[PDB]
Number of protein chains: 12
Amino acid sequence: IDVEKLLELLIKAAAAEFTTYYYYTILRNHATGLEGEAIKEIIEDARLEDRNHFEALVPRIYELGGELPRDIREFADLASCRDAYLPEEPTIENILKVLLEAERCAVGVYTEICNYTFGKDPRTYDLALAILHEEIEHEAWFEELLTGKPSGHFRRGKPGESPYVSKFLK
Amino acid sequence: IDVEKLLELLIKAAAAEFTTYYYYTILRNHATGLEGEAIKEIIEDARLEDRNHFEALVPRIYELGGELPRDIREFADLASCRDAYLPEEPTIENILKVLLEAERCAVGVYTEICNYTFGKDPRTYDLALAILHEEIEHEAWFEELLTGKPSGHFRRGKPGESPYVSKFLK
Amino acid sequence: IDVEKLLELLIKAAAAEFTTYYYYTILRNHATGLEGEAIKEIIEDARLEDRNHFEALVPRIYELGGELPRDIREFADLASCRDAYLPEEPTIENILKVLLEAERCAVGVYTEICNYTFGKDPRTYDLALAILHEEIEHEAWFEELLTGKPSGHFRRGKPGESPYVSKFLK
Amino acid sequence: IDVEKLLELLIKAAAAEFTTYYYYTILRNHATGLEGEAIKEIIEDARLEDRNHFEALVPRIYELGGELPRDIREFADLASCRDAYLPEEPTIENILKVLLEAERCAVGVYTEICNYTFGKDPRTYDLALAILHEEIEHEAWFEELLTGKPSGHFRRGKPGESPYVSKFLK
Amino acid sequence: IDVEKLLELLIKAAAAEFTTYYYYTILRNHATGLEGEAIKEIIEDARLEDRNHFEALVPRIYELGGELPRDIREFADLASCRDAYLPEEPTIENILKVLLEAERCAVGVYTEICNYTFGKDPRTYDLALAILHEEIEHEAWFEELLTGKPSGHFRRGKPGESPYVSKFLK
Amino acid sequence: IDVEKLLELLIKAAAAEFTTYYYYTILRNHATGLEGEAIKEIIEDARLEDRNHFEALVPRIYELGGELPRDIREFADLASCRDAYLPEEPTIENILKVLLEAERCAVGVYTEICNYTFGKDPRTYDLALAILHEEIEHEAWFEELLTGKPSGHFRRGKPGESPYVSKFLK
Amino acid sequence: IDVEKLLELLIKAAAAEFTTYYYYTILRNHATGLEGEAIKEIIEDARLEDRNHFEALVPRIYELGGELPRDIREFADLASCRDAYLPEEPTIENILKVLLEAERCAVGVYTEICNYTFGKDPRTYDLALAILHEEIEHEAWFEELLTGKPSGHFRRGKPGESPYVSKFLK
Amino acid sequence: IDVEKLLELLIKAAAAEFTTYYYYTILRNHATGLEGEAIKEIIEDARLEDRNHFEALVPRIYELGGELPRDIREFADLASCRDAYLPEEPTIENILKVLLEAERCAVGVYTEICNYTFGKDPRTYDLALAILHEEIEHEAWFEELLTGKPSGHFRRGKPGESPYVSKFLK
Amino acid sequence: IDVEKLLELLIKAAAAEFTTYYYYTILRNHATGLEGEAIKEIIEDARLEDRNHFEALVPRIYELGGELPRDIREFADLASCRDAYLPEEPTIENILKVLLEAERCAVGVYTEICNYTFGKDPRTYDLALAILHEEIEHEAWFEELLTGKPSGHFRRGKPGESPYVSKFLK
Amino acid sequence: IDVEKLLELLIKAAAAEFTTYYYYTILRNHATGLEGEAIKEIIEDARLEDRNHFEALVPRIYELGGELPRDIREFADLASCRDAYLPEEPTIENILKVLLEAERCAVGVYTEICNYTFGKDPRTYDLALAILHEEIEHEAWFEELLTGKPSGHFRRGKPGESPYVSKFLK
Amino acid sequence: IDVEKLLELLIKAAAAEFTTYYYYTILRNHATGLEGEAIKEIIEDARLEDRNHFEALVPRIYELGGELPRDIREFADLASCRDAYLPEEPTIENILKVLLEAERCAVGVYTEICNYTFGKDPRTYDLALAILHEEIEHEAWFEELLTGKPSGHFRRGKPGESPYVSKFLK
Amino acid sequence: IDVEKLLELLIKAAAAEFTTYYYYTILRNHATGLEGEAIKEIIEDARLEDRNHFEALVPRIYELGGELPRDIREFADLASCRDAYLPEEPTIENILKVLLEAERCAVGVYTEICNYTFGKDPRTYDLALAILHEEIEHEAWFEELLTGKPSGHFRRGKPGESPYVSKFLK
Ligand SMILES: [Zn+2]
Ligand SMILES: [Zn+2]
Ligand SMILES: [Zn+2]
Ligand SMILES: [Zn+2]
Ligand SMILES: [Zn+2]
Ligand SMILES: [Zn+2]
Ligand SMILES: [Zn+2]
Ligand SMILES: [Zn+2]
């Protein structure tokens, strides 16, 4: 494997998780009314998950010999996903579409890393697989709320418990 | 009391609880959308309760000298209640009607056992009373969601905790 | 059974528990001095018990098709027991007599309900029996402090834990 | 400060909390249907909070030299807020308006006490501030459910935990 | 009911539990070898249960107006069951027969009390029923170890937890 | 990968776990006597494990676009393993052989799924690996009890804790 | 050391603890009134301690090659202390004197065993010392309640916790 | 504010708490007899509170640039309150008067500090307010035991838990 | 008070806490060697504290009628403190100076808010005071590590527990 | 005492515990079949105990001025007990004899140390006594499984809890 | 033994522990800088230990018939050890020497008491031995920090847990 | 795969972990002084980890049909890594170099096993990966203490918790 190529893929993924933590705070506060009361807890659970993903990725970057960029504005411009802006018409349906779009991009990011490290870098592969578990969970959540397709999941116990990536956390 | 007559009433009740555990799994996964998100947790709580009822009934059957049928298909054909099939038009209202119908049949089953053992079999009477407590709870839940009649109950703390039958469980 | 007659008996019992919670607060604060320090903890335990009894009775009233009165003053006038007023001479002996009188009336109230529902309404009978357990406990407490007759009970661990009615509480 | 004037302000506030505990029980049981299932847990959380506020106010009244009125009907007539009666047309919107009206009156009551004791009675000021924290929370809850204005709060963990007034509770 | 007749039945039952606690200590220590290692834990569980039964019966005797005999030797001579002496040939089979004989006598004792108090003394009936639950458990344990008849029970979690009589214990 | 082919392999595996839960209940109750007391706890641990495996498989089936069959009898006929019937001569040796045969079939089922999804479906591969961990454990348990070959395992702490599949459970 | 002489000293001590458990139950129930409410908790703590002492002594007797007597009446006649009978005039002062007399005899019993085994039997010496710790505690409790001599101890946290002999208990 | 003047007020307060911890140990051990058994637990609770107050004050003194005196005898001579000596006639009434006198002096000390720092030193004001909460509690305790004036407080759960100053403790 | 002026002061403070969370991650990873091992835990504790401060400020901004800026880069440019860049010569002394400079700016920010809201906005004042408690703690930590001036504090128990602002957190 | 002579006795004892940890692992894995299932848990408990004994002895050796040998093979040759090899015919009886022989040698080792340090080295004597408690326990376990002599002990709660030496462990 | 001579030895030891608690507070706050950060936690652990030793000694003094001196200044002048003053040049090396000197004096004090009570006063001997365990621990800590001699101990879990004297504490 | 070749690779790895547990005990006790106090806790954490690795490897060896060597000296001679002897000049730098050398050899051992079993033995591959996670952690710890290269890790919570291999432990 090319370590430099792998390092630039991991830093871009970490930037996406960091900005997602900020934008999901705005989306949660605008899901108001009787209909929005249901989805407030689901958004909160997803937002705390992505903060934990940022925590897990940083130590692996430094083990491989990389470093974070000096200035925070340069870090935000390196995100592999588009910003989840608040829609111009902030209705429940338009908020749900923005969340679904962000989740499908995250699934593609971590699928690409697994293909690159399969059978070559055992520790990096295992960490990417653990995060991919929780991203697929979030994608099924929102597609069931927007369309009618069954997903097989219901409410968690406590937001941000992250059962797949806990062994990587301090 | 006729022990043979009492034994056949208890085995039929145990079959109904066992099949209810399977059918409620299908019903939970099809309660989708924004409206269905509310009732997913209530269905899950009821499904875990009926699994515990099956656990409590089996030891009493063997104390009285009975046994379960050899083949599982013969056991399913002995259920005292009709199968809770998924409706042809799976809307929220049609799912709620199926759940309400199943609950009212369960209340009748355990009311009949209490009349049979009143003042004659103290241990069998106490177990039937404990299960009847939780069945009346579930019936009031669904009738309040379907009609507008007040019931007096709200969300539990943890699904399947079964506060009335715990002393019978291991 | 006559459901209307049973409903009016349960609403009157709930009113007695609600007013008892208010009056026992006054009685506790006036048991002063070295002698009163002993009985302060016993009064506190009894007061928290009766609050739990009010919590358990309300859901059963709504299951049977009843409702609470609109105005709170009309609810207070329906109590099946006399008000436990602070005596004109507030000594330790006179406070103890008021407490004993209130407890014996509560025992009579729940004994009457059990006779009415014996072998006819299994769920209502079980709830009335659970509360009657704790009322008999309180009656023995005060009669031993006032007279010299042994009772067989000593200090609880934590006030208001209510070991007989917990399975009815949320 | 005039102690007599301060005492009459605290007793009136305690009466409002005591009657609010009764009336919110009726309002919770009438929030039925699919829409009402969402708001049942919020009403329950608010009702348990106001019971704790009554518990905290009573000891301070006796420290300052006051006492509760002898008869419970006279206590109910001293409440500083109007009774939260069940509306004639009990729909979800009409129930929400009654709850919002009660909360705004409570905020005004405790704001007035803080102005009176600022820099003169440190212990009374601190207790009034703690209750005012939770009243402002409840007001933002209901105004977001009725209108569309964002509030910044979502579901609590356990009803009645009261994180601001716990240090005053036993 | 005749209170004097009921009191003498309860005192005799309490004597049997007290002596059973002593004799089961001897039986446990003589179940040696590879075969006896299995049954040591079952005997220990039963011995701790009967100590709890003695604890529960004493307060009810004093509530009804009775008292324990002055001298401990007179108390031991009032037991309603025969002494569980260590057999002359202390083999595993002979120890098991002694245990089975003691359990069947206990079941008969508490069945008789329930018939006497059915529908007349609600509190005494409930306590007798709770102990009868655990005695029937112990009887099924030993008959399955001696004969081959299935019983439906296996190892408990912690000896002496007594899940049916806990609400009567301090 | 062919999603339709993968879906039919997962549904057949889920049917085997569901029927295993029923048949192991019969086998546990017939392991009587002094010799059978040892193996009762091991059978109980295995039975609770397979119930958890059914819980983990169902959500993944719905994520991939599958569904459970409508009728429960059709579900039972799809099991990938033969029914673990009670032997005609129910001795300890014959019960042990039936258990060993069922375990070796389960190991083959999940080994086949891992080969199919290796390096192509990361989430499905990880779930199949987790269940395969516990199946290999159970196989070593029974082969050591039947033959004399050492296995390296001894008693668990609490039955059904399932340390390998917990992160997939709710 | 003479093992036979040591064995007869340990069996007599175990008999005293066993009978003390019975007699203290009677003494606790007769400490009535306002004055007796204080000492009820102290008697309860001492009674549970002596039950634990009986539990600790029995295993050591069997290690040294002794056994308990066959019949329970012969065991009671071997106690090294006189029976703590209820006084003819059961006042608080007369009950306190009986308790003090029993405690001073227990201190003498275990002091004698320590002198016999000092520097010869390390395990027997350590067990006798542990029990002597708690007996000296109880003696100081009662002498301070009867006379005015300060003792240095106040209320325990939970009765029967036995902090000195716990490491000998199961 | 004058920092030097504020520093000398805080050091004198810390000396009073340190000496109070020593003198209350003597007072607790001399509250003997049946009457003194009640007040032993209250004195113990107050003594542990004042030890915590000393712990909280020391870090703030060093933040502001002060230091403790070199020799411990000079520290004891700086206390702002008089020593709580054991009275010449150590009866329960005379001990209670000494405790009441010490508490009223402590209330005056911390009231003076709050007036000095109001609106000028936010952190010092908050710490002084927290300690003043618990001193007012202790004053009401003793005045109710000595006179008959109601106070509104009863027994704590665990001595020295200090619910108002915990956030300042390590 | 001017609500618009207060809102712009709170948003700027929230931006400083958000960027501090990013920059302290870089500073912690560069405190290497034997000397840096000591200060790694202190930096980690401070970094988790400032994340909690961001969590507490956001709900109050929305209660007052404000909102966060749309784009994350605009939010970062509004911080009231300068960026804590990694020094060009990353030695232990130069890292310590950067940390000390950031802490003194935070103390000034929250002191200014308290002066603005004193006696006018009770809820905003209390929240600002709670954060100011922990900022003064951090300032004393670093000044003692850089200079020799005593501070009065030592190691916490668990990083990020935040004992002063917990009641504001979910 | 001769410190050099005491040091060589403690190092030899530590070597025996270290090698016992290795050899008991082999013995546990070869106790197969239905008979061996009983004794697997007892061997596991003893093996974890001896690991804790090695942990406790090492700090005391360094306090007295000793050190461990440089090479691990020289350490193994200093053991005061013979190696517990797997018998040539590995049956249950032959394994039990090897375990019994090892335990009796350990009892002799620690009895010798206590005689040497009695009344001269209080800290070394106390540590040797604590380990001797658990060795006598293990000796009674195996002699009861091999012969029929009663021992007075049954199954522990959790292996390796070591209730006598815990205060010496970290 | 001479009780008067033993009493004066115990009172002098209690005075040393009480003054040590004050002086160690000053020493902890002056161990500043990067080097002092390591030893702050060790000093804190030792200071909390000596407070517990004072708690354990006081009850034994009153059991033997002694009392504390009336005035606190007379108590401080009776200490058996010299005051641990802050050195004129407060460097890390000079602080360490003061701590080491205080610890060696404490070891001598409790060694002397054990020689006096060996085989004559079992309860006093056991308490002196327990404290001597922890004093020897502290002595080894400081001698390893000052010189290079290995000690065998490392960081505790929680300061002031005192594992050897806990059974003497309330 | 060749099972014989795989078995000899696993036995050699288990020998290295067993000897590492002994040698790290010597290294920890010689890291003295002010500088060594920092690294004592890190060495302790690593030593407890390697003991857990030995526990996990032994059961897998017996599942595959292998066994441990008869004599412990032959087991020690099979280690795949060189002995970590104490250096002739035991300074902090020389101890750190020995630890770093041992860790890099362990990383190579488990990397080799993963390459051998990739896609052929799923259970053996997963266990080797779990241990490789923790070995890479330890390698980064020591290289950051010796050189200045950042690693990204700081202090654990409790030594020997082993978050990656726990699911393999009992
Ligand atoms: Zn993410
Ligand atoms: Zn059911
Ligand atoms: Zn309120
Ligand atoms: Zn019994
Ligand atoms: Zn104070
Ligand atoms: Zn050992
Ligand atoms: Zn000390
Ligand atoms: Zn390792």
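Throughout, chain E uses Swiss-Prot numbering, with the displayed residues spanning 14-183 in order.
Structure determined by electron microscopy, 2.4 Å.
A Cβ is built for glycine as well, from the same backbone N, Cα and C atoms used for every other residue.
Record features, source Swiss-Prot:
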type	residues	note
BINDING	E:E30, E:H66, E:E116, E:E148, E:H151	Fe cation binding site
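Mapped onto this structure are the features recorded in Swiss-Prot.
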residue : record                 : Cβ within 10 Å
E:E30   : Fe cation binding site : 23
E:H66   : Fe cation binding site : 26
E:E116  : Fe cation binding site : 22
E:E148  : Fe cation binding site : 22
E:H151  : Fe cation binding site : 22
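In sequence order there is nothing to list, since none of the binding-site residues E:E30, E:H66, E:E116, E:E148, E:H151 has a CB under 8 Å from a CB of chain D.
The residues near the Fe cation site, meaning same-chain residues not in E:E30, E:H66, E:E116, E:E148, E:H151 whose C-beta sits within 8 angstroms of the mean position of the site's C-beta atoms, are E:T33, E:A59, E:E62, E:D63, E:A119, E:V120, E:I144, E:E147, in sequence order.
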